[PDB]
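Secondary and tertiary structure notes
Below, each chain spelled out in residue letters.
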Amino acid sequence: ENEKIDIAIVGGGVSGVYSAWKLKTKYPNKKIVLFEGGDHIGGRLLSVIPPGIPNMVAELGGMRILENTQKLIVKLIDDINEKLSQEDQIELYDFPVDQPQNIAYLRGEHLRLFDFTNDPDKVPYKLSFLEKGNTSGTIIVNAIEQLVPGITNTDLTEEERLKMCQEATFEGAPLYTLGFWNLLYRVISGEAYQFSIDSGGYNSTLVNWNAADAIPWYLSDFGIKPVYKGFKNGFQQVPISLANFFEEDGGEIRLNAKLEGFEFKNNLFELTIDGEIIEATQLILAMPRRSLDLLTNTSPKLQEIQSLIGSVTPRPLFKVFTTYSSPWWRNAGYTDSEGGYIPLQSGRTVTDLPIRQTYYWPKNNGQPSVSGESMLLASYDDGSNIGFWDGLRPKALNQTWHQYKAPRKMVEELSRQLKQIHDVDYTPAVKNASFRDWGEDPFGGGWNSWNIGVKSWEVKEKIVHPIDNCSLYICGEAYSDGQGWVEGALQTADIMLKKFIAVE
Amino acid sequence: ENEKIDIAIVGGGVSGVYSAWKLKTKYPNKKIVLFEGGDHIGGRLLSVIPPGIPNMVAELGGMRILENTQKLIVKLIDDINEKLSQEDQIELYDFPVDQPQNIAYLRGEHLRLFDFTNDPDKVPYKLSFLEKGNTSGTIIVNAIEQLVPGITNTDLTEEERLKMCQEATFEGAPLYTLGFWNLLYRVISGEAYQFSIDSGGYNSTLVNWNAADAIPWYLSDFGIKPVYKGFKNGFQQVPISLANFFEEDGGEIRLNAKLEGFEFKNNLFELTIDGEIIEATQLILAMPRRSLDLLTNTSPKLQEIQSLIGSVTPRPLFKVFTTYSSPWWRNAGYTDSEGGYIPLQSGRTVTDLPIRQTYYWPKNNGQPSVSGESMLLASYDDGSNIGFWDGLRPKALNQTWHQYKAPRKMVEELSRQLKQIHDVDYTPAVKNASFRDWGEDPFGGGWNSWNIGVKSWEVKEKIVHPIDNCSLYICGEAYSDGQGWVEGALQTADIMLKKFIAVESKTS
Amino acid sequence: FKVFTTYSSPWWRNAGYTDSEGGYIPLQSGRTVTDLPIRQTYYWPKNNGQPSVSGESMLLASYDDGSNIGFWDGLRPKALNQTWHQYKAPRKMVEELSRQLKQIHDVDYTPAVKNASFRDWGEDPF
Ligand SMILES: Cc1cc2nc3c(=O)[nH]c(=O)nc-3n(C[C@H](O)[C@H](O)[C@H](O)COP(=O)(O)OP(=O)(O)OC[C@H]3O[C@@H](n4cnc5c(N)ncnc54)[C@H](O)[C@@H]3O)c2cc1C
Ligand SMILES: Cc1cc2nc3c(=O)[nH]c(=O)nc-3n(C[C@H](O)[C@H](O)[C@H](O)COP(=O)(O)OP(=O)(O)OC[C@H]3O[C@@H](n4cnc5c(N)ncnc54)[C@H](O)[C@@H]3O)c2cc1C
């Protein structure tokens, strides 16, 4: 006879373990089990210590927060830290991106980021009278101000801008019916759009997704002077700590426990897990769209809510890290007008090559690596660039570097491109390499974007509890206002928990 | 009791109707039914007459053949024409692409195609010492010669090149394990690659697909001086005529008959179509990968051959046509050094804008439209460009223009870009517009490409009859040597038919 | 100093150019020069004087004199009456020749060197 539990939570990412923790506190007498199909808690948070670099943490998934905007993740870090020992405290460090000396290897030209404003004739993009001599940030924020006048006023919050975008029209059409790429193309040159792709480092951010959602999202990060923090001991400590709390409080976690499908019979969820049936009175799916899509053929209730599930598009992201006996990139700085050497050593170098983005990985205190065993985020790339790298394939953390080891041919092509980007013919050998392709099942993407014609403000409220008189719940980054962020996952966990507590 | 037939053929594209025609001739006493889920025969061949232009045919799908290379489609046109009346004959016309006066609007600069070889300083790409002053064709063919020495020798056929690629290695690795984009990146600059994307008109052709398959495929079209023919009365006449022949010969066609799934029980195929079960002793799926993927959840036999089905990737293609009261583009030609005017009027203009490719649509005799109601293939685009157009959405032929009508906002953005491309502030209003997005189910793509690490020469022979002692057959463009072509669909139909005739009993 | 290298194909022929009428002019006979230590590279003729246009082919990779010889030297660790193998070139010398040949011909990839031989005529007793 079948195992019977009160609350089944499927998905061991941050929203799943956060939800488990909250629900066990709210309902201490309920039998709550969280099921993860993979071999570890964390989902798209994957923190690994590089071999030979005990004071670094490579972030194959999520790596930083906007501490000034993202109140939920900042508050959760405090909620975790008030329970952890002094030894275990989560500590943040300042996370650099655009230092002026960093390289932009664009259309075969070696630029420094300061060339974008200081030497427009050198920038090999035919930018217009208004665009010329500006960063991608400046060009896109100004484009957004032309499209939604008043939106870039710095006195407004993300929430006030999201509201303005919900009521805004463009040539008589509601913003939620229009595409971000379509609208940007009305106000910037094709060359400004390509410059913004290339030098901004991302293909997926400027795609034709929902303009009403894209505009406030863009303004709060990639626009107005984004300020970031990283995690001394890895972002993944957040979900690992919440899992630990849930288990201390009498919750149960099952790893290697894939939900294969579920039926709703006799006012119960019948979950098929490892060819066994488990009965639960409530089911919470803490998982993105692709994870819901994979369950749909064996889960009749998901077949009833296709238009809700289909309201976002998964956006693959790819990261690969490489390590070296020395930070050889530091030799690709320059000599200033007073004869002082300016080292290349922190933040991001960009390129239109498939590498797209290279980070000089900081020490766990935020300081640059100036000597000894050092690390690149060799490539952080999206869009059509992922196919290039894919074709070359043949307290405590809970995953090792070795479990994500990169294949040799992929590493050799990375080494070739890093050399062309930095304009050197010799670099010390790669010692270690790891990678993650977040386009892979069950994730479908690193982030998920609202589709054109969707009203996010309706879908996000509906999909947390999508069928009336049915104890089915959904949470995570995918159907949030904070897409591409842990903040988004916590936002929808909070909306879902509020509904769950009102109903059950 | 369930309806019982001998041969079920599912898919009313070229390979399906060709297979139906051949099999009914071979087995006149068998009950052969062809099922098409859509409302018409043709699949990715969709020919429509524009309103106001009775002497034109817009090709929303396939539009031309390489008459010198593609012996199967040339022979099929003869096989069709030897049965058609003089009135109905299929007639071909010469189909232009690169005229030297045509525009390349690249990185904000207005070029003519002759600038690529005549004025390299004007071409806004930082091409290397060896690349500079050349077309994309020249750069990529030379890259391919560096990668597989001897392959571009003009004495070789596509078949001899495919063989060389099967035995070739690159740095000790078999070619079939390597990616086309990865290898091109070893021999051309990033700027030459982007120049080849932009000016060559296509994103999907230069993706990281199987190098062993991509190289000979590239050489036979986009490389060595590609020469093309169009169809006076539409490519779609080919599958329509074969359907007609099949029915005259006693074959049956059911339209609006979507196969929902099939089971194999008691040595029969049980086909679920419109909530009815039909029994068939042989089942032929004349349909691409995505169509097989959509059947897989309700078809246990397809679940057994996932690695075969998964051996290609669908490649979306998008086309939208616009019409005007006059061919306004002809005013965007130039005055030669002797004061003669050179009109812009035939072949293709290219851009890095989302339009990507614009064709000055020929009359049904191949001649340019020089006055009166005229047509563009306004945009023929692929890769990330399709998302841009998609987000703006809110003898006889057998489909109308109006069934594919384009929405206003899509048309207004096309008009904006056409104006920027041609460097004009005014054009006469669009009268009519039609489009097709071939990324949509059940097609998944306009073409399908062999994946890296696949041995095409094994999969193409295996997948036509993928389970031993099981009368399941597959044909079409998707698992062919001629991907992106009617030729490929006929190639695998012929491989499939040969296997079918060797294996199967001729009885009822 | 002379050093010869062989390849499965005459890859240099791909470093010609397209003339003003669209005809390809192959790089395939005589000498390419440089101020790099290679100094002189010959596209080695067949025994009838005709260029090698396909199959196993050979460069006089470097024919160099003066201070250039020290650069190559520091990388060291009918019938005819001597064999190629008796003058075999060491790997590190060959890898540096390959690097320079690539920079000279403006290519990032060439098929691997199959065989290499050299002679330094500054040596005793000459
Ligand atoms: C490359 C990358 C960079 C990012 N950068 C940042 C950043 O810097 N800062 C930031 O804040 N955010 C970032 N993010 C986003 C952040 O990582 C995510 O938004 C968040 O981690 C997702 O949490 P979630 O609760 O939605 O679920 P997920 O993390 O998606 O977890 C869902 C879980 O459900 C499981 N599952 C699915 N189906 C089943 C099933 N049938 N049975 C059992 N288990 C199942 C999966 O195995 C998975 O573990 C990044 C993401 C990626 C990929
Ligand atoms: C934009 C575009 C441009 C092209 N250009 C050219 C060119 O110039 N020249 C050229 O030679 N080729 C060209 N091609 C390719 C050519 O059109 C195709 O390769 C060829 O027509 C495909 O034939 P097929 O037999 O594989 O089937 P398809 O045409 O793919 O037809 C398959 C059929 O199966 C049906 N089907 C699928 N699932 C089911 C089901 N469950 N039940 C019932 N029916 C089902 C579909 O409705 C469809 O009609 C082009 C393609 C496109 C899209």
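Just above, that's the structure.
Summary of the structure given here. Note that residue numbers begin from 1 in each chain and follow the written sequence, not necessarily the entry's scheme, while residues that lack coordinates are absent from the view. Labels follow written order: the first chain is A, the first ligand is 1, and so on. Shown here: chains from a larger assembly, with each value referring to the shown part only. Only heavy atoms go into the side-chain values, all of them from the structure, while hydrogens and water stay out.

1. Some thoughts on the overall build of chain C
- A run of DSSP states H or I qualifies as a helix once it reaches four residues; a run of E qualifies as a strand once it reaches two. Both are numbered from the N-terminal end. Along chain C, the regular secondary structure elements total 2 helices and 7 strands.
- Helices and strands in chain C line up, N terminus first, as β-β-β-β-β-β-α-α-β.
- Within these notes, the globule rule equals 2.2 Å times the number of residues to the 0.38 power, and the radius of gyration is based on C-alpha atoms. Expected size for 126 residues packed as a compact globule is a radius of gyration near 14 Å; at 15 Å, chain C falls within 12% of this value.
- Along the first, second and third principal axes, the C-alpha set of chain C runs to 55 × 40 × 25 Å.
- For chain C, with 126 residues in total, the buried portion stands at 40%.
- Here the Shrake-Rupley method, with its probe set to 1.4 Å, supplies the accessible areas, and only the displayed protein chains count as covering residues. In the structure as shown, chain C presents an accessible area of about 7,600 Å², 50% of it carried by carbon and sulfur atoms.
- Only four residue types enter the charge count: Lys and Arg as positive, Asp and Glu as negative, with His and the chain ends excluded. Think of each charge as sitting on NZ of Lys, CZ of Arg, CG of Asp or CD of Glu. Computing the positive centroid from 14 side-chain charges and the negative centroid from 14, chain C places the two 7 Å apart. Classification of residues uses two cut-offs on accessible area relative to the type maximum, computed with a 1.4 Å probe and protein chains only: under 20% is buried, over 50% is exposed, and between them is partly exposed.

2. Some words on the packing of aromatic side chains
- Note on aromatic pairs: the rings of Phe, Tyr and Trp (six-membered ring only in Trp) are paired at centre separations within 6.5 Å, and the planes decide the class, stacked below 30 degrees, edge-to-face beyond 60, tilted for the rest. Tallying each qualifying case throughout the model produces 79 aromatic pairs over all chains.
- Through successive ring pairs, a cluster of aromatic residues spans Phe 180, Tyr 202, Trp 209, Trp 217, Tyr 218, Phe 222, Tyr 380 and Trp 447 of chain A.
- Any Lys NZ or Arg CZ that is within 6 Å of a ring centre and within 35 degrees of that ring's normal is treated as a charge sitting over the ring. Geometry around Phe 245 of chain A places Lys 83 of chain A over its ring, the cationic atom sitting 4.9 Å from the centre.
- The cationic tip of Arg 64 of chain B hangs over the ring face of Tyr 228 of chain B; the distance from NZ or CZ to the ring centre is 3.8 Å.

3. Examining the site of ligand 2
All names here are of chain B.
- What surrounds ligand 2 is a group of 37 residues, the closest being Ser 15, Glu 36, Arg 44, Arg 64 and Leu 259.
- A distance of 2.8 Å separates an oxygen atom of ligand 2 from a polar backbone atom of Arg 44.
- Its free accessible area being 1,000 Å², ligand 2 has 96% of it covered by the protein chains.
- Put simply, the parts of the chain that give the shell around ligand 2 at least two residues each are α1 (14-26), α10 (289-295), β16 (317-324) and α16 (486-503).
- The nonpolar class holds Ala, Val, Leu, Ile, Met, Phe, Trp, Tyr, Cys and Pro. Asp, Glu, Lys and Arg form the charged class, and all remaining residues, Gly among them, are polar. Tallied by class, the residues present in the shell around ligand 2 amount to 20 nonpolar, 11 polar and 6 charged. Note on definitions. A residue lies near a molecule or strand when any single heavy atom of the residue is within 4 Å of it. Distance and chemistry together define a polar contact, namely a pair of N or O atoms within 3.5 Å, with one atom able to donate a hydrogen and the other to accept it when in protein, and with adjacent residues in sequence counting only for side-chain atoms on both sides.

4. Looking at the interface of chain C and chain B
- Only heavy atoms matter for contacts: two residues are in contact if any of them lie within 4.5 Å across the pair. Contacts between chain C and chain B engage 11 residues on the former and 13 residues on the latter.
- Interface area for chain C against chain B, summed over the two sides, is near 1,000 Å², with a carbon-plus-sulfur share of 52%.
- By buried area we mean the combined loss of accessible area, with a 1.4 Å probe, across both parts when two parts are placed together. Three residues stand out in chain C for area buried against chain B, namely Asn 14, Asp 106 and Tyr 109 of chain C, and they jointly supply 58% of the buried area on that side.
- The term salt bridge refers to a side-chain nitrogen of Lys or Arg lying within 4 Å of a carboxyl oxygen of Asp or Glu. Summed over the shared surface of chain C and chain B, the number is 0 salt bridges.
- In this assembly, chain C and chain B are joined by 2 residue pairs in polar contact.
- Class assignment for the residues of the side of chain C that touches chain B results in 4 nonpolar, 5 polar and 2 charged.

5. Structural notes on the site of ligand 1
Residues and elements named next belong to chain A.
- Surrounding ligand 1, one finds 38 residues, the nearest of these being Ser 15, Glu 36, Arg 44, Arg 64 and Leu 259.
- In the complex, 96% of the free accessible area of ligand 1, which totals 1,000 Å², lies under the protein chains.
- Where the shell around ligand 1 is concerned, the elements lending two or more residues are α1 (14-26), α10 (289-295), β16 (317-324) and α16 (486-503).
- Of the residues contributing to the shell around ligand 1, the split by class is 20 nonpolar, 12 polar and 6 charged.

6. Some remarks on the interface of chain B and chain A
- Taken residue by residue, the interface counts 27 residues in chain B and 28 residues in chain A.
- Surface buried jointly by chain B and chain A totals about 2,200 Å² across both partners, of which 55% is contributed by carbon and sulfur atoms.
- For the interface between chain B and chain A, the tally reads 2 salt bridges.
- The salt bridge involving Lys 126 of chain B is made with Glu 109 of chain A; its shortest N-O contact spans 3.5 Å.
- Linking chain B with chain A are 8 residue pairs in polar contact, by the criterion used here.

7. Details of helix α9 (residues 237-248) of chain A
Residue and element names in this part refer to chain A.
- Helix span is expected to be 1.5 Å times the residue number reduced by one. In a regular helix each residue adds 1.5 Å, so 12 residues correspond to 16 Å; α9 covers 16 Å between its end C-alpha atoms and thus fits that length.
- Taking burial as the measure, the 12 residues of α9 include 9 buried ones, the bulk of the element.
- For α9, the full list of buried residues reads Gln 237, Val 238, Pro 239, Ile 240, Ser 241, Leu 242, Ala 243, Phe 245 and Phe 246.
- Positioned one or two residues after α9, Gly 250 has a phi angle of 100°, which is positive.

8. Let's talk about the nonpolar core
- Take the buried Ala, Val, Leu, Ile, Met, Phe, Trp, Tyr and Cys residues and link them wherever side-chain atoms come within 4.5 Å; each set so joined is a nonpolar core. By size, the foremost hydrophobic cluster in this structure holds 132 residues, and its most contacted members are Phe 35, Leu 175, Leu 285 and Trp 361 of chain B.
- For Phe 35 of chain B, the residues in contact, after removing those within four places along its chain, are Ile 5, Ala 8, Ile 9, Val 10, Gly 11, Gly 12, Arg 254, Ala 257, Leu 271, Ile 273 and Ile 278 of chain B.
- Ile 139, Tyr 218, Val 454 and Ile 467 of chain A belong to the second-largest nonpolar core, a separate cluster that totals 130 residues.

9. Points about the side chain of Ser 136 of chain B
Residue and element names in this part refer to chain B.
- Tracing the backbone through its elements, the reader meets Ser 136 in helix α4 (residues 136-147).
- For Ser 136, a relative accessible area of 12% gives the class buried.
- Setting aside anything within four residues of it in sequence, one finds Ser 136 in contact with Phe 195, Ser 196, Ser 199 and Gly 200.

10. A closer look at the sheet that holds strand β5 (residues 40-43) of chain C
Residue and element names in this part refer to chain C.
- With antiparallel pairing, 5 strands are arranged side by side in an open sheet as β4-β5-β6-β1-β7. Looking at strand neighbours, the two that pair on one side only are β4 (30-33) and β7 (116-119), the edges of this open sheet. Across the sheet, the axes of successive neighbouring strands diverge by a mean angle of 20°, strand direction being ignored. Note on pairing: two strands pair once DSSP finds at least 2 bridges between them. All axes here are fitted lines through C-alpha atoms, helices being fitted over the stretch that makes contact, and every angle between N-to-C directions spans 0 to 180 degrees.

11. Some details on the pattern of salt bridges
- For the coordinates displayed, the defined rule picks out 49 salt bridges over all chains.
- For the salt bridge of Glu 440 of chain B with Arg 393 of chain B, the shortest nitrogen-to-oxygen distance reads 2.7 Å.
- The partner of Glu 440 of chain B in a salt bridge is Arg 436 of chain B, with the nearest N and O atoms 3.5 Å apart.
- Using a relative accessible area of 15% as the deciding quantity, one classes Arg 436 of chain B as buried.
- Where salt bridges share partners, they join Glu 3, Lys 31, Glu 252 and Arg 254 of chain A into one cluster.

12. A short note on the sheet that holds strand β22 (residues 433-437) of chain B
Residues and elements named next belong to chain B.
- One open sheet holds the 7 strands; their spatial order is β7-β6-β19-β20-β21-β16-β22, and the pairing between them is mixed. One side of each edge strand has no neighbouring strand; the edge strands of this open sheet are β7 (109-112) and β22. With direction set aside, neighbouring strand axes in the sheet form an average angle of 20°.
- Strand direction decides the pairing type here: strand β19 (residues 347-351) and strand β20 (residues 357-360), joined by 4 bridges, are antiparallel. When the bridges of β20 are listed, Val 350 appears paired with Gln 357.
- Together, β6 (103-106), β19 and β20 form the strand contacts of helix α7 (residues 190-200), whose direction differs from that of β19 by roughly 135°.
- Strands in contact with helix α14 (residues 408-422) are β6, β7, β16, β19, β20, β21 (374-382) and β22; relative to β16, the strand with the most contacts, it is inclined by about 80°.

13. Concerning unusual backbone geometry
- In this structure, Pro 442 of chain B follows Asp 441 of chain B across a cis peptide bond, with omega equal to 0°.
- As for its placement among the helices and strands, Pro 442 of chain B is situated in the loop between β22 and β23 (447-450).
- Geometrically, the link from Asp 124 of chain C to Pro 125 of chain C is a cis peptide bond, its omega value of 0° lying close to zero.
- The residue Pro 125 of chain C is located in the segment after β7 in this model.
- Positioned with a positive phi, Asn 256 of chain B is a non-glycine residue whose angle comes to about 60°.
- Structurally, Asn 256 of chain B can be placed in the loop between β11 (252-254) and β12 (259-265).

14. Here we look at the packing of α1 of chain A against α9 of chain A
Residues and elements named next belong to chain A.
- Running from N to C, α1 and α9 point in directions that differ by 30°, and their axes come no closer than 9 Å. Of the possible angle classes, the one that applies to α1 and α9 is roughly parallel. Considering the relative orientation of α1 and α9, their crossing is left-handed. On α9, the residues touching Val 14, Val 17, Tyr 18, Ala 20, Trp 21 and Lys 24 of α1 are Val 238, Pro 239, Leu 242, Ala 243, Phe 245 and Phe 246.
- Broken down by class, the residue content of the contact of α1 with α9 amounts to 11 nonpolar, no polar and 1 charged. An angle below 35 degrees is treated as roughly parallel, one above 145 as roughly antiparallel, one from 65 to 115 as roughly perpendicular, and anything else as oblique. For any pair of crossing helices, the crossing counts as left-handed if the nearer helix is rotated counterclockwise from the farther one by less than a right angle, and right-handed if it is rotated clockwise.

Geometry only, nothing functional implied.
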